[PDB]
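The structure under discussion appears below in the form of structure tokens.
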Ligand SMILES: Nc1ncnc2c1ncn2[C@@H]1O[C@H](COP(=O)(O)OP(=O)(O)O)[C@@H](O)[C@H]1O
Ligand SMILES: Nc1ncnc2c1ncn2[C@@H]1O[C@H](COP(=O)(O)OP(=O)(O)O)[C@@H](O)[C@H]1O
Ligand SMILES: *C(=O)CCCC[C@@H]1SC[C@@H]2NC(=O)N[C@@H]21
Ligand SMILES: *C(=O)CCCC[C@@H]1SC[C@@H]2NC(=O)N[C@@H]21
Ligand SMILES: [Mg+2]
Ligand SMILES: [Mg+2]
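Protein chains in written order, with my numbering: chain A, 1 to 77; chain B, 78 to 154; chain C, 155 to 600; chain D, 601 to 1046; chain E, 1047 to 1067.
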């Protein structure tokens, strides 16, 4: 049950654009490293890369919800 | 065994007079009805009577030492 | 100063006296019962003497025991604090005769002011207005009783002369139940205070309990220190005090203070006492006088800056009052809350161990109490465990400070009336101020 | 008014700012690290944001993280308290860039007063006396350095321009160790503050650290609130601070205070600051200025009745000064003692769980701390865990109250420096007052 | 009993504007 944690304080987003397809969704699995979600902070859109290959067990934070440091973002395997 | 404790507050004496014989001494046993020690309060020298007959094992206080309520004085076995 | 004194009390007031003694370089003897060996002031006192068993009637009301404790330890004074034997003229006379200074008024003054009828008569003599009433003890002339009641105007209240603590008081609405109410109140007084004397007084329905603090050295000097509005009461027992009373302009303050100081000088008062009143239509109506330091004195201390217990100790030593009336300045506003160990709903005592405890702190917040983590509140004594005083530059600041401090206080292992105090703090009418003495009971909506 | 503010600090100052906010009805955001989730103010704050891992360089010195917390929480101001980024001009200008209100002076003001080489020049321009010294940064012109040292007179002290907290200072008695002392001071400055600039000043041997507290709104108004006396220092880190300074007559007090206020007006200062002077022979000698609320500021609050943090919030909100110079009155004497968490015989920090804790109470005792029974003191941050301020109508009463309140205080489970404070209180020369900055090290003698 | 707090979540509706540059 690996948990990916947000590395910065910001607002959580799934789509890189307001009207674009979500980076990931529960089910569809991911790889060792790739964009998984967005945390916006002081503009400067930031991309969160997974540190572990695996399947997306779940996602704990909705889009637009502010996240803090060490905020559980997604659960993989 | 059993312990007799002062029921009032005042100075503790063992001889009824400044120069007289102590009511009791270590060794020689006592019975239920007998005076063991003198508690002086406001120039009134009350007397203390044990409740169980037995040997005077030891005296826990010293003459002229002020005592307080529920102060252990003598233990009878 | 006094070489050594005996603190014949317990709880918060015992700590208040112990701390005042320590600041003044006075040795302290802390007399306690057998169930009060873990009290904070007992563990901090210089000397400790056990005076009796757990019940109050055998330990803290045992005048011979306290005199003996003062004798063996070589004390030179006895401070009763409040409650127990503070207003016991027999205790005062016996202590003074035995050869120990009584930190308080004279025995004669305690006798005079304790009898509420004689107190009212003396106040009328000295120029202090009083509530219309029987103007004397009630007799068997029921015709005269009902004539007086009709003249003053119903409703009326029957109050025991030696009553205290809010007990032995009955309100009468008409002539129907006057005799029965009087008889049952007399029986209750016999059961409680061993004195059946009672008197009748007019019942004001919208008053504001206002009380004046007076310091007099017994040498012809006396001063007054602001006032206190103890309106917030339940079951005739105060819950929240404050000082100075809202709406009492400095003119009325100086007026009533001058009258009370003159009364103190005339009756030869000594020590610190409180003149209770009832405020309505801009006129005060004396009810009773407390011949002892009051539970809610910290508010006066915090607004005036005068340490009242240290002043008591200095007066008892004979020193004349060093504070002039013009030098007493009120600066701010203090609000006090009493914290009791009782059910907030059933208002019944809840003795028991305190598993955790974290007292409030910060700027302008005083926490006066004797409890700690692991203290076992005995069931044999009153249910008060502490007082919480908060001071600010105005009423609103003090009330906000009080809300924060109450939110910050933790008391677990027993049931405490902290939520009730928070509710009172959050009441809009209380924040506005000026509530009558019956507001709190009506707030319960029953 | 400020709708919401971020308390970019931790511990005791965070509680102070949160409690002032609660009084003023301001919403609070408490940014903490991942090891500070247990802090009392974090559990009492409205919104909490974890801004980084345990180390300070990653949590509280992270300007982007604090700005992001303010942004997501929708705050309008940031209170830096003291320490960390309070005197950071980069933080000031970077907070002001993003439309947030910096509760404190301007960025340019912090830059000007942030380096002592420029602050001394500004004060000399403004007429505030300064210690004779190098009157400029030290170069490699050794002949000039020794000529200056001879002119000012030995002994001399080398002080880093960006120095803080008492570090980066070396006392030099002769030319033999001048070069080596300068080299080591520069190395320490490089390793600590990223600024190797140093300057030489005269080394007074019997001064008294006397500092002035000043409130300015940045609109042409500035006032001075008494002073302090931080002469009880160890390794240039204060231990006992008190106000007003003993022996400073009202004439001298006003003379220094009015000049300090004029100097504040000169640089267009804003918010609350503090000028630090060395007192000797009735002459003040400026050394540095603190552009922030000071750790020992509670002593100035208990003698003037003026809440300094609420004043900072009001000034930041834009309101002008509501206190006139004539309205400031010093009434009493307060003595403070910093309670650190360290080995009393080795001054090494001692982190660990606090098993028991009981803060003292009483009339005029303030306990300013964030700890509680069951609080695990983290090792990453400074060792201070609380402050204890005691107030009285005179110095002797304050000292006696301090001695009483230090015994009533219990802190188990960690090694704390309470016994050091108790033995400092009992010292006879301290009770006399007017001791010099080097007195405590002489008393310890090691 | 503030020692045990619910650890609530931030309300997203609050918005702050930082200059883009
Ligand atoms: N004459 C009165 N009219 C109305 N209420 C009264 C009167 N006398 C007493 N009370 C109520 O009872 C309370 C306590 O009265 P008090 O005489 O001080 O008795 P105690 O000695 O029990 O404290 C007062 O604060 C008031 O609320
Ligand atoms: N010119 C000086 N002469 C003697 N002692 C000094 C001098 N400057 C500083 N000190 C000592 O160092 C302490 C701290 O100095 P300060 O300039 O305030 O540095 P910091 O910024 O580290 O607090 C002073 O209280 C004083 O004891
Ligand atoms: C600066 O003014 C705010 C920019 C916020 C950009 C992000 S991208 C996803 C959301 N859509 C949108 O328009 N704002 C959010
Ligand atoms: C009263 O002031 C003190 C006098 C009493 C002295 C008592 S009598 C019992 C003890 N025996 C003795 O020698 N002196 C003590
Ligand atoms: Mg009463
Ligand atoms: Mg300094």
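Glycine is no exception: its CB is placed at the ideal position from the N, C-alpha and C atoms.
- At a threshold of 7 Å, residue 1039/D does not count as near ligand 3, since its beta carbon sits no closer than that to any of the ligand's heavy atoms.
- Using a cutoff of 7 Å, the CB of residue 980/D does not count as near ligand 3, since none of the ligand's heavy atoms is closer than that.
- Ranked by Cα distance from residue 541/C, the first of 556/C, 535/C, 551/C is 556/C.
- Within the same chain, and ignoring the five residues on either side of residue 674/D in sequence, the residues whose Cβ sits closer than 7 Å to its Cβ are 604.
- Using a cutoff of 7 Å, the CB of residue 442/C counts as near ligand 5, since one of the ligand's heavy atoms is closer than that.
- Bridge pairing for residue 503/C: 496/C [DSSP].
- From the listed residues 48/A, 38/A, 56/A, the smallest Cα separation to residue 17/A is found for 38/A.
- Ranked by Cα distance from residue 866/D, the first of 817/D, 839/D, 908/D, 845/D is 817/D.
- Collapsing the DSSP output to three states places residue 1053/E in coil.
- Closer than 7 Å to some heavy atom of ligand 6: that does not describe the Cβ of residue 896/D.
- Exclusion of the five residues before and after residue 14/A leaves 22, 23, 37, 63 as the residues of its chain whose Cβ lies within less than 7 Å of its Cβ.
- In the three-state reduction of the DSSP assignment, residue 456/C falls in the helix class, which pools H, G and I.
- Here the C-alpha atom of residue 871/D lies approximately 55 Å from the C-alpha atom of residue 55/A.
- Put simply, the CB of residue 643/D is near chain E, with a gap under 8 Å to one of its CB atoms.
- By the beta-carbon neighbour count (other beta carbons within 10 angstroms, threshold 16), residue 715/D is buried.
- Between residue 634/D and residue 12/A a beta carbon distance of about 18 Å is seen, past the 8 Å cut, so the two are scored as non-contacting.
- Residue 545/C counts as buried, since no fewer than 16 other beta carbons sit within 10 angstroms of its beta carbon.
- Residues of chain D with a Cβ closer than 7 Å to the Cβ of residue 526/C are, in chain order, 958.
- Secondary structure of residue 491/C (DSSP, three-state): strand.
- An exposed status is given to residue 128/B, since fewer than 16 other beta-carbon atoms sit within 10 Å of its beta-carbon.
- In this structure, DSSP gives residue 353/C an extended state, which the three-state scheme calls strand.
- DSSP, reduced to helix, strand and coil, places residue 268/C within a helical segment of the structure shown.
- In this structure the segment 343-359 of chain C does not lie against the segment 370-389 of chain C, because fewer than three pairs of beta carbons, one per stretch, are closer than 8 Å.
- Taking the Cβ of residue 480/C as the reference point, every heavy atom of ligand 6 lies at 7 Å or farther away.
- Excluding five sequence positions before and after residue 451/C, the CB atoms of its chain that fall closer than 6 Å to its own CB belong to 462, given in chain order.
- Residue-level contact by beta carbon holds for residue 623/D and chain C, with a gap shorter than 8 Å.
- For residue 205/C, the residues of chain B that pass the 7 Å Cβ criterion are 86, 146, in the order they occur in the chain.
- Residues of chain E whose Cβ lies closer than 7 Å to the Cβ of residue 673/D are, in chain order, 1056, 1060.
- Looking at the DSSP output, residue 816/D sits in a beta bridge with 822/D, 871/D.
- For the pair of segments examined, the segment 876-894 of chain D was found not to touch the segment 973-982 of chain D: the number of CB pairs separated by less than 8 Å stays below three.
- The C-alpha of residue 314/C is placed about 38 Å away from the C-alpha of residue 87/B.
- For residue 1026/D, the secondary structure class from DSSP, reduced to helix, strand or coil, is helix.
- Excluding residues up to 5 positions away in sequence, 489, 579, 585 lie with their Cβ nearer than 7 Å to the Cβ of residue 553/C in the same chain.
- Only 459, 461 from the segment 457-473 of chain C bring a Cβ to less than 8 Å from some Cβ of chain D.
- Within the segment 261-290 of chain C, no residue has a Cβ lying closer than 7 Å to any Cβ of chain D.
- Sequence-distant partners of residue 178/C (beyond 5 residues in either direction) whose C-beta falls short of 7 Å from its own C-beta, in its chain, are 155, 464, 467.
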